[PDB]
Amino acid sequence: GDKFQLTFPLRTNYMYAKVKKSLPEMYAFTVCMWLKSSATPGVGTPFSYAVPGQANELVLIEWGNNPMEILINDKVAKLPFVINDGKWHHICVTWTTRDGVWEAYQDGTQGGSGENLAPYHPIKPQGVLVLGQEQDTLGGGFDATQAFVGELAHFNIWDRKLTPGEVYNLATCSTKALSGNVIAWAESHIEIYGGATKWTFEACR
């Protein structure tokens, strides 16, 4: 049952979701989600992933008056996304250990790409995946100024790069659209905390 969204209505250090499943060691991956936010200057942290010894193992964050960034092993790449206009947007980032090459997609359109992002470092396994907060400890250490304020749906992770056509299918809600083979969006796949609330969501409607 994937037809739902999570709403994070206020800036707090206590509202979050925990994904029940952890991540394997990933030499490449794609992360995608639908999100909506009117928060400014920055939307905060839609998701973060911490492992022992590195709480910033995989992070998506737009913090204050700074641009939206992906962090891998606490190394930054600035992303092209502009998504805090109060309308729904779909985003994906694909990345590979091979020369640290990444691509960024907004609303089904590839709109940025770069290299030398945490090259040669597979994503480390067995950490804690949180939605709506940035981690400074394993599964915690939240900071309200970094918290996501807005709505999130259809959070998915695959341990490969999706093709541009596969991303297009996600962003247009095609019947061909895939679910994540590592993390897939379902109510029973997450735990919610602190005031985050679940509502029905009909994507592309």
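Counting begins at 1, following the sequence as shown.
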* Asked: Comparing 43 to 51 with 168 to 176, which stretch shows the greater average C-alpha B-factor in the deposited entry?
  -> 168 to 176
* **Mean Cα B-factor comparison, 52 to 60 or 66 to 74, giving the higher one as deposited** => 66 to 74
* Out of 86, 114, 108, 80, which shows the largest CA B-factor listed in the entry? -> 86
* Should residue 138 be placed in the lowest, middle or highest third of its chain by the C-alpha B factor in the entry? -> highest
* To do: Just say lowest, middle or highest third for the CA B-factor of residue 124 relative to the other modelled residues in its chain.
  => middle
* Asked: What third of its chain, lowest, middle or highest, does the C-alpha temperature factor of residue 37 fall into?
  -> middle
